[PDB]
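Q: Submitted below is the structure of interest, expressed as structure tokens.
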Ligand code: HEM
């Protein structure tokens, strides 16, 4: 898929708001993911023991991880589709070390969209959400293609 420049400049406009508080947004997103899809928590040896949202909010380790995640994704979005180099190491670790099925990337996409909708209604009307959806779809289709080349595709 190709995004128009107008779609990228809906994506980067709302992303600029997220970047005012990267840790806060990272926490919201992971809690939403772990609540909506508990099976995903199982993939983190580091966080599997968290039982409640309170404990998730209280974890400084999860907060740090959310920051790493969003920083990496933000580096990707800012490339506007020219993200082949950034994707290679992420695909390799998620395919071979962590073993993350595409389906779970669909789940965190949903979590991201849910949090941007909740926190930034004014900058995330229908057109901006459609743009963000296309950007994340692009990300998932490119990572899926790398998964396949790497021998994981799943
Ligand atoms: C927006 C999509 C995501 C991005 C950009 C992302 C990014 C990252 C980055 C940069 C790291 C650290 C370096 C590395 O190991 O590659 C990481 C680690 C990790 N990721 Fe993701 N990730 C994503 C989605 C997921 C999902 C959906 C899952 C599981 C449901 C997952 C599971 C993990 C695990 C288990 C680790 C290692 C954490 C630890 O023990 O330190 N990731 N990810």
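Every residue, every condition in (1) within 16 Å of the ligand (Cβ to nearest atom); (2) farther than 26 Å from residue 96 by Cβ; (3) touching a residue at least 60 places away in the same chain (Cβ under 8 Å); (4) touching a helix residue (DSSP H, G or I) at 6+ places or on another chain (Cβ under 9 Å), yes or no:
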| residue | (1), (2), (3), (4) |
| --- | --- |
| 3 | no, yes, yes, yes |
| 8 | no, yes, yes, yes |
| 11 | yes, yes, yes, yes |
| 22 | yes, yes, no, yes |
| 33 | yes, no, yes, yes |
| 37 | yes, no, yes, yes |
| 54 | no, yes, no, no |
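Q: Let me ask something additional. Among the residues of segment 131-148, what is the count of those that are free of Cβ contacts under 8 Å to residues at least 40 places away in the same chain and more than 13 Å from the ligand (Cβ to nearest atom)?
A: Adding up the residues that qualify gives 3.
Q: From the list 103, 43, 99, exactly one residue is within 11 Å of the ligand (Cβ to nearest atom) and without any contact (Cβ under 8 Å) to a residue 12 or more places away in the chain. Which is it?
A: Being within 11 Å of the ligand (Cβ to nearest atom) and without any contact (Cβ under 8 Å) to a residue 12 or more places away in the chain holds for just one of 103, 43, 99, which is 103.
Q: May I pose another question? So in segment 118-132, with the set limited to residues that are in a helix (DSSP H, G or I) and touching a helix residue (DSSP H, G or I) at 6+ places or on another chain (Cβ under 7 Å), which one is farthest from residue 150 (Cα to Cα)?
A: That would be 123.
Every number here is computed from the coordinates shown, using simple stated rules; none is lab data. Note: ideal-geometry Cβ built from the backbone for every residue, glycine included; neighbour counts use all protein chains shown.
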